[PDB]
Amino acid sequence: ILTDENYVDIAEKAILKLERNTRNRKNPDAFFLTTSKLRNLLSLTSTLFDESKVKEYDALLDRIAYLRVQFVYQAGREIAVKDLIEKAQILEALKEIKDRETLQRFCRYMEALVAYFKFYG
Amino acid sequence: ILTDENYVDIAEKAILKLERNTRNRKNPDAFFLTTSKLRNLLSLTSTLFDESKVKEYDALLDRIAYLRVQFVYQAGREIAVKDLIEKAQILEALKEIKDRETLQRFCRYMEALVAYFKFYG
Amino acid sequence: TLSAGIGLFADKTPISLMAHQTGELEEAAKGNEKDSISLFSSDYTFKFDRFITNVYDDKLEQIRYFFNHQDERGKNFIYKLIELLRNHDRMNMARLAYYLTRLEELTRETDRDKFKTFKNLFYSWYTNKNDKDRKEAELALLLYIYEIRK
Amino acid sequence: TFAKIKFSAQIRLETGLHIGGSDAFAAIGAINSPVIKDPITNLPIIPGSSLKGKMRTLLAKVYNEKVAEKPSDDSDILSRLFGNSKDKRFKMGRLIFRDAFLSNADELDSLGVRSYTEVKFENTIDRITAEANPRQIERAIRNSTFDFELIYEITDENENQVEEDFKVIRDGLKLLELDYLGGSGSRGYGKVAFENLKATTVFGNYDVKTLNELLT
Amino acid sequence: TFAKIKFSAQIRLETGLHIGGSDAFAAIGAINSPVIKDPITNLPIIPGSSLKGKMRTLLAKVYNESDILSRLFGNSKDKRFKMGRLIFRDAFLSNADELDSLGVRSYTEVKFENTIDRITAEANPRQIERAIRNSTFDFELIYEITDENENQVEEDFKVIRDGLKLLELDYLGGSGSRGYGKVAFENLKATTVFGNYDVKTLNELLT
Amino acid sequence: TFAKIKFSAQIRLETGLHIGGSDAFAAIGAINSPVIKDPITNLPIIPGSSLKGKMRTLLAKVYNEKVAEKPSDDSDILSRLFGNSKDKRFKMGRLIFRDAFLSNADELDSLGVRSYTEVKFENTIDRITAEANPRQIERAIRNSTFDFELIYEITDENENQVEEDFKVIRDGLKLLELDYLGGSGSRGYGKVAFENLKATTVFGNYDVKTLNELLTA
Amino acid sequence: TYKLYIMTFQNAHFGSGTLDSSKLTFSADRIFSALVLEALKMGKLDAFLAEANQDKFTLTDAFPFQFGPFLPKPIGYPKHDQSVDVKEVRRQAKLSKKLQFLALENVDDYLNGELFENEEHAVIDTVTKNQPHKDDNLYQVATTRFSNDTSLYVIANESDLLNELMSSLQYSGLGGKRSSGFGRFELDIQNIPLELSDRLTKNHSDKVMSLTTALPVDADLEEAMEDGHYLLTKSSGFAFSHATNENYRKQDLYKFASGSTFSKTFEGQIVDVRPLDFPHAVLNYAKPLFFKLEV
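Residue numbers (our numbering), protein chains in the order written: chain A, -18 to 102; chain B, -18 to 102; chain C, 7 to 156; chain D, 289 to 504; chain E, 2 to 208; chain F, 6 to 222; chain G, 23 to 317.
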């Protein structure tokens, strides 16, 4: 769960709580998770963060159902994204949308994950 | 039957309700159903999920009739796919298309089956 | 201690419009607690004990030390910082942390330490969460764009 | 006498519009250049100000002898149609460009259109080092129609200039169909098309059907 | 007889407004032209003088060469017609609740806008703040019936009717040749409070 | 004087092109690199931004005596045609590359074509372990054609620069025949034949009969 | 003396000499000059002016009504009853120097001595109007913009001819740029609280406070200067008239001010401040309705 006053500090903690490549000491403490696998997840939510402005919530609930498809599917492919949806409680937060203002809160929550990931290494 | 707010949670339950290889304890609780037999089913629907965007529904109703052919035919060959179309109510949902927005809802329903199958083992 | 209020006004504006709003800033700076300067507007009401030693001589010196020893980060980089400094929700802390770290690698690799000793020193007074180190950074960037206006 | 007439034309699009709006610090994966919109309905708007600025600077290349350095240095034909802040006479004169407000909202939605704004993805390649720098700019879709109207007032201060101002206006709408009307238009966008022009007097008494042949 | 009939209407903004006023501080990023507002509620207002001068210059082009504008708007000279019989009030933005039910962020949109030089081809960006489309403001207009009057009362009614059609054909704001106007008067009714004057036949002159 | 002329030319495809589109909600087991499309007809579009982006970068090797490293370091023959942002008199710049739309939607329906966008599976093969990595990219089809509009301004500065600029425009269009309009290009995906190069006037007065001799040379 | 006439403005311009200024309240002289300019155009002024010269009727200037009628600050009545911490008690005499209005719930504590940090009524704006395309066309108009519950309440004689006039001032408006959107109110006649009508005297010889601007009769002005503590405020301006075609000037009546504390309360006038060689009179109402302090 994530409120408006904490969802960035939640996402700041989740990147720190995510593991790093403790071996392979060539620019070490780098993540197993990569930037391009992370931007494939935000490419789902960023096209809903701007159709939340335009459209109703009553038309977006077909793709909001589809975000549980592909956040599961991207987690099944690579084990690094598998850890992201566990640490950042994404599959818990995605089942809790129910209106426009949480859809925009979750889609800003994914942007906070990308921001601190780019920040911390 | 499947609405927009449940068809992923239906497909999440259907993979869990599907049986596993209870014997042969070499990475156990694996499915009798395999990935490659499952991706042969989605290869039918994925080429309609992107011609639903382009074309009318009035031209796709020849291949939507053909999905009842081959979901039956793939079920007749291997008994593992036979259980998939029973647990995941696919033959019930395939007879209920009637427009573009359910065709895309069913074709996203098949992707939810592939997603959780890759997720759960 | 004294108190002041400074107001920018355009050319050719009347002095009665000019002398009145400056009086509005003086009586606003009397009500900070008592000892304050009120730059340009009632919401830049800083203490003098952190306007000279922080804004006018410390932060404005370091901003001017950066933006003259480079040709890359122009006014557009400065202007997008002002929006980030002015709104300041919890989400703009992340968006600022992403915005500086993009440009840390976008620059040419000779002066990458100059930007990194700037951005980690700019992000330092963005997340202080006492408001006394942040509104100064906004007023320091107003006094820099006003000095480089063509 | 005093009269105001009205040019109810219908701005179609081809190679859809991008009239930029809030170019502020947007979200991270979001649109890097959003179009200007309505707060009520969030639909695209061609504002009347982007029509008026494009229509001057195209008619400034045609109806000016001396090359103007500033909009206060037009001819007597533009400064009275498009207003001038340095003439004693030509302040507040002859044209009111109203905004455009997306007439075929139902016609587009009967077709396969999901959103009234397309977002084309787009980049640029550095010439040495061949690095890409992508952008997502928003864009009104191709087959929109926008309600376009003018107000041409006749303030009894010309008494003969009425019939030759529309020769400039119809020429000005011929140039926007050849130029681009707003935004990043030398890379494709814009390309408006004015349809179904009809001059009809709303106040006053001026014969428009003798003039409606100039609009054809 | 003595009466004070008023013209209650609901105004409506088919485009934005921009009625400026005091210009405090530009502040770089901050609005380059803040619209006039109600300094208690911080809602956009339409001041009555901005209505009163706007509908008299429009009627100056219609009824000019005076005498029928003087009695309806006053005159500093001409001892007959000081305080000329129309007493306006400022608009109050009635639907501050109906807009929020339609779904809206703030009542005043910010329009970005620029200015391109003819030779340098370099821009010059404004931020013209507007008050958003289809807001409604409370519009009321006290016309005064007096002992001197009721000879020309009917003929003032054919002016204030025409003095509201022209606002529906002009802009009522600032920067009107660039949009920012197109105002419309709906439910324009002529009630009578504090008087005895039959307002029936006037109400069909309005519709 | 002022005149605007128009290059009504016609792109013909050969081994038709990919021009990317993100389409995040595309599918899972289908197209993960869609072609950009007209959102009302869903037809393949050649936008003008990728037509103009080639003709500065293809003509940077011909009409730059000094290597660029940026736009607005070009050599004033590209700048007056395309435009700069750090020059003064060449910012708006003598070329409005209008987008090109799929013209022969009926000729393709006359032949045996189901969909206007063929989908190709492409399989990055790892050169150790031989293990695959398929992708399904989407491209326009082989004998598609496009209405290619291009508008040229002639202000009160083109004294005799009209002919000098048209030596350049028929140096960038006959060089896109040797290059690939974006996409992948080094794997097919680009070759085009600009049919029916035909100038005409749309505004002003300018004699174009001396122009239709080097366009069709 | 009788019922107080609560009036809710929400936009008003009140004078103070210039156009760039707008005082909060308006005083007795303005509202009375509004009634005579109202009763003239009803053709009803001679019933009012025959009433306007009687001991029966009173009239009082405006005071803020914030869920209770308020009062002026007595002029110097609080006494100097503490040579401790001069650094801040002089600052206390800065905020308690522009206060000028006290609530009736605690006006007795003010005479007894209490700080009473001032509340806010109608933050004064100053909007810069214009006239388009003229020479010298930028005037500036101040504006009292009232704080969502504050009304003004003249306190007068409950007279049916007075209520017929002041139900039409709802639609002509008080104050400044009326016929431009200022001063239009809605009257609401209420009743007086019992401890306020207890002390609305007019002829009680004690330490008595005024509640309106009053120029005394010359037999009383000698002795009222002795123990009084007053302000003077310069009532002047141009005389509004339908019978000149020329804007003349009133003859500059220097009055007292509401809040002037006094002893042996005097009787006032209706001061004909007409200019020289002028057809009608300019009344300029000045007679006191007092307020006892300790009784």
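Just so it is clear, CB atoms sit at the ideal spot from N, CA and C, and this is done for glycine as well.
- Secondary structure of residue 70 of chain C, DSSP reduced to three states: Looking up residue 70 of chain C in the third sequence gives position 64. Taken through DSSP and simplified to helix, strand or coil, residue 70 of chain C comes out as helix.
- Should the stretch 55 to 75 of chain G be called in touch with the stretch 165 to 176 of chain G, which here means at least 3 C-beta pairs below 8 angstroms? With contact defined as three or more Cβ pairs closer than 8 angstroms, the stretch 55 to 75 of chain G and the stretch 165 to 176 of chain G are not in contact.
- Short check: CB of residue 51 of chain A to CB of residue 33 of chain F, under 8 angstroms? By 1-based counting over the first sequence, the position of residue 51 of chain A is 70. By 1-based counting over the sixth sequence, the position of residue 33 of chain F is 28. Residue 33 of chain F sits close to residue 51 of chain A, with the two beta carbons spaced by under 8 angstroms.
- Message: Let me check understanding here. Comparing Cα to Cα, which of A:66, A:99, A:63, A:90 lies closest to residue -13 of chain A?
- Response: Numbered from 1 along the first sequence, position 6 holds the residue referred to as residue -13 of chain A. Here the closest residue by C-alpha is A:90.
- Query: With a CB to CB cut of under 7 angstroms and the five nearest residues on each side skipped, what residues in its chain are close to residue 23 of chain A?
  - Reply: By 1-based counting over the first sequence, the position of residue 23 of chain A is 42. These residues qualify, in order along the chain: 91, 92, 95.
- Kindly say whether residue 124 of chain E, judged by its beta-carbon, lies nearer than 8 angstroms to any beta-carbon of chain F. For the purposes of this step, residue 124 of chain E is taken as the residue at position 123 of the fifth sequence. So no, residue 124 of chain E is outside the interface.
- Establish whether the CB of residue 120 of chain F and some CB of chain B are separated by less than 8 angstroms. Sequence index remark: in the sixth sequence, residue 120 of chain F carries index 115 (1-based). So, interface residue.
- Query: For the candidate residues D:433, D:310, D:326, D:503, whose alpha-carbon lies nearest to that of residue 393 of chain D?
  - Reply: The residue you call residue 393 of chain D lines up with position 105 of the fourth sequence. With distances taken between Cα atoms, residue 393 of chain D lies closest to D:433.
- Query: Are the C-beta of residue 89 of chain E and some C-beta of chain C separated by less than 8 angstroms?
  - Reply: Here the question's residue 89 of chain E lines up with position 88 in the fifth sequence. Residue-level contact check: residue 89 of chain E does not touch chain C, since none of the beta carbons of chain C fall below 8 angstroms from its beta carbon.
- Task: Examine chain B for any beta-carbon lying closer than 8 angstroms to the beta-carbon of residue 32 of chain F, and answer yes or no.
- Result: The count along the sixth sequence starts at 1 and reaches residue 32 of chain F at position 27. Contact with chain B is found for residue 32 of chain F, since one of that chain's Cβ atoms lies less than 8 angstroms from the residue's Cβ.
- Bounding residues of the beta strand (DSSP E) (the contiguous stretch that carries residue 232 of chain G): The sequence position of residue 232 of chain G within the seventh sequence is 210, counting from 1. In this chain, the beta strand (DSSP E) harbouring residue 232 of chain G covers 229 to 232.
- Message: Within a Cβ cutoff of 8 angstroms, which residues of the same chain sit near residue 15 of chain F, ignoring the five residues on either side of it in sequence?
- Response: Residue numbering aside, residue 15 of chain F sits at position 10 when the sixth sequence is read from its first letter. Cβ neighbours of residue 15 of chain F beyond the five flanking positions: 108, 150, 151, 152, 153, 199, 200, 201.
- Task: Please confirm if the stretch 398 to 405 of chain D is in contact with the stretch 322 to 339 of chain D, defined as three or more CB-CB distances below 8 angstroms between the two stretches.
- Result: They touch, by the three-pair rule.
- Helix, strand or coil for residue 496 of chain D per DSSP? Residue numbering aside, residue 496 of chain D sits at position 208 when the fourth sequence is read from its first letter. Correct three-state label for residue 496 of chain D: coil.
- Where residue 149 of chain F sits in the DSSP three-state scheme: Along the sixth sequence, read from residue 1 onward, the residue named residue 149 of chain F stands at position 144. Here residue 149 of chain F sits in coil by DSSP.
- Entirely enclosed beta strand (DSSP E) segments - the stretch 102 to 166 of chain G, minimum 3 residues: Listed in chain order, they are 123 to 125, 146 to 149, 163 to 166.
- Query: Applying a beta-carbon distance threshold of less than 8 angstroms, which residues of chain A neighbour residue 132 of chain C?
  - Reply: Within the third sequence, the letter at position 126 stands for residue 132 of chain C. Simply none; closest approach about 12 angstroms.
- Task: Would you mind sorting residue 51 of chain F into buried or exposed? The rule is 16 or more other CB atoms within 10 Å of its CB.
- Result: Stepping through the sixth sequence from its first residue, residue 51 of chain F is reached at position 46. Here residue 51 of chain F is buried, its C-beta having at least 16 other C-beta atoms within 10 Å.
- Item | Three-state secondary structure (DSSP) of residue 92 of chain B | Position 111 of the second sequence, counted from the start, is the residue given in the question as residue 92 of chain B. If DSSP states are grouped into helix, strand and coil, residue 92 of chain B belongs with the helices.
- Excluding five sequence neighbours on each side, which residues of the same chain lie with their C-beta closer than 7 angstroms to the C-beta of residue 325 of chain D? For the purposes of this step, residue 325 of chain D is taken as the residue at position 37 of the fourth sequence. Correct list, in chain order: 309, 331, 332, 333.
- Short CB-CB distance (under 8 angstroms) between residue 101 of chain A and chain F: For the purposes of this step, residue 101 of chain A is taken as the residue at position 120 of the first sequence. False, the Cβ-Cβ gap to chain F never drops below 8 angstroms.
- Query: Which runs of the beta strand (DSSP E) spanning at least 3 residues fall entirely within the stretch 350 to 426 of chain D, listed in chain order?
  - Reply: DSSP assignment within the stretch 350 to 426 of chain D yields the following whole beta strand (DSSP E) runs of 3 residues or more, N-terminal first: 405 to 410.
- Looking only at its own chain, which residues have a Cβ that is under 8 angstroms from the Cβ of residue 33 of chain A, when we skip the five neighbours before and after it? Sequence index remark: in the first sequence, residue 33 of chain A carries index 52 (1-based). Within the same chain, 41, 81, 84, 85, 88 come within 8 angstroms of residue 33 of chain A by CB-CB distance, once the 5 residues on both sides are set aside.
- According to the neighbour-count rule (16 or more other Cβ atoms, all chains shown, within 10 Å of its Cβ), is residue 101 of chain E buried or exposed? Translated into the one-based positions of the fifth sequence, residue 101 of chain E becomes position 100. Exposed, by the Cβ-count rule.
- Output yes or no for whether 8 angstroms exceeds the beta carbon distance between residue 373 of chain D and residue 360 of chain D. Translated into the one-based positions of the fourth sequence, residue 373 of chain D becomes position 85. Translated into the one-based positions of the fourth sequence, residue 360 of chain D becomes position 72. Taking 8 angstroms as the cut-off, the Cβ atoms of residue 373 of chain D and residue 360 of chain D count as close.
- Task: In angstroms with no decimal places, state the Cα-to-Cα distance between residue 58 of chain C and residue 64 of chain C.
- Result: On the third sequence, residue 58 of chain C is found 52 positions in, with the first residue counted as 1. On the third sequence, residue 64 of chain C is found 58 positions in, with the first residue counted as 1. Roughly 8 angstroms between the two C-alpha positions.
- Nearest-angstrom beta carbon gap, residue 26 of chain G and residue 54 of chain G [assumed within contact, 8 angstroms]: In the seventh sequence, counting from the first residue as 1, residue 54 of chain G sits at position 32. In the seventh sequence, counting from the first residue as 1, residue 26 of chain G sits at position 4. Under the criterion of beta carbons closer than 8 angstroms, residue 54 of chain G and residue 26 of chain G do not qualify as touching, at roughly 16 angstroms.
- Item | Proximity winner among G:289, G:280, G:164, G:269, relative to residue 79 of chain E (alpha-carbon distances) | Taking the first residue of the fifth sequence as 1, we reach residue 79 of chain E at position 78. Nearest of G:289, G:280, G:164, G:269 to residue 79 of chain E, Cα basis: G:269.
- Task: Taking all protein chains shown into account, decide if residue 423 of chain D is buried (16 or more other Cβ within 10 angstroms of its Cβ) or exposed.
- Result: In the fourth sequence, the residue the question calls residue 423 of chain D occupies position 135. Looking at its Cβ environment, which holds fewer than 16 other Cβ atoms inside 10 Å, residue 423 of chain D is exposed.
- Item | Proximity test, Cβ basis, 8 angstroms: residue 192 of chain E and chain F | Counting from 1 along the fifth sequence, the entry for residue 192 of chain E is found at position 191. No, because no Cβ of chain F sits closer than 8 angstroms to the Cβ of residue 192 of chain E.
- Considering only the beta carbon of each residue, do residue 64 of chain A and residue -1 of chain A sit closer than 8 angstroms? Taking the first residue of the first sequence as 1, we reach residue 64 of chain A at position 83. Taking the first residue of the first sequence as 1, we reach residue -1 of chain A at position 18. Against a cut-off of 8 angstroms, the Cβ pair of residue -1 of chain A and residue 64 of chain A comes out as a contact.
- Query: For residue 217 of chain F, which residues from the same chain have a beta carbon less than 8 angstroms from its beta carbon, with the 5 sequence-adjacent residues on both sides left out?
  - Reply: What you label residue 217 of chain F is simply residue 212 of the sixth sequence in a count that begins at 1. 203, 204.
- In chain E, what lies closer than 7 angstroms to residue 96 of chain F by C-beta? Residue mapping note: residue 96 of chain F aligns to position 91 of the sixth sequence, counting from 1. Per Cβ cutoff of 7 angstroms: 122.
- Message: Considering only their Cβ atoms, is the gap separating residue 34 of chain E from residue 129 of chain E smaller than 8 angstroms?
- Response: Taking the first residue of the fifth sequence as 1, we reach residue 129 of chain E at position 128. Taking the first residue of the fifth sequence as 1, we reach residue 34 of chain E at position 33. Contact: yes.
- Query: If you check the beta carbons only, do residue 203 of chain G and residue 85 of chain E fall under 8 angstroms apart?
  - Reply: Here residue 203 of chain G refers to the residue found at position 181 when the seventh sequence is read from its first residue. Here residue 85 of chain E refers to the residue found at position 84 when the fifth sequence is read from its first residue. In this structure, residue 85 of chain E does not lie closer than 8 angstroms to residue 203 of chain G by Cβ.
- Message: Determine, for residue 178 of chain E, whether the minimum Cβ-Cβ distance to residues of chain D falls below 8 angstroms.
- Response: Within the fifth sequence, the letter at position 177 stands for residue 178 of chain E. Taking Cβ atoms only, chain D reaches closer than 8 angstroms to residue 178 of chain E, which makes this a yes.
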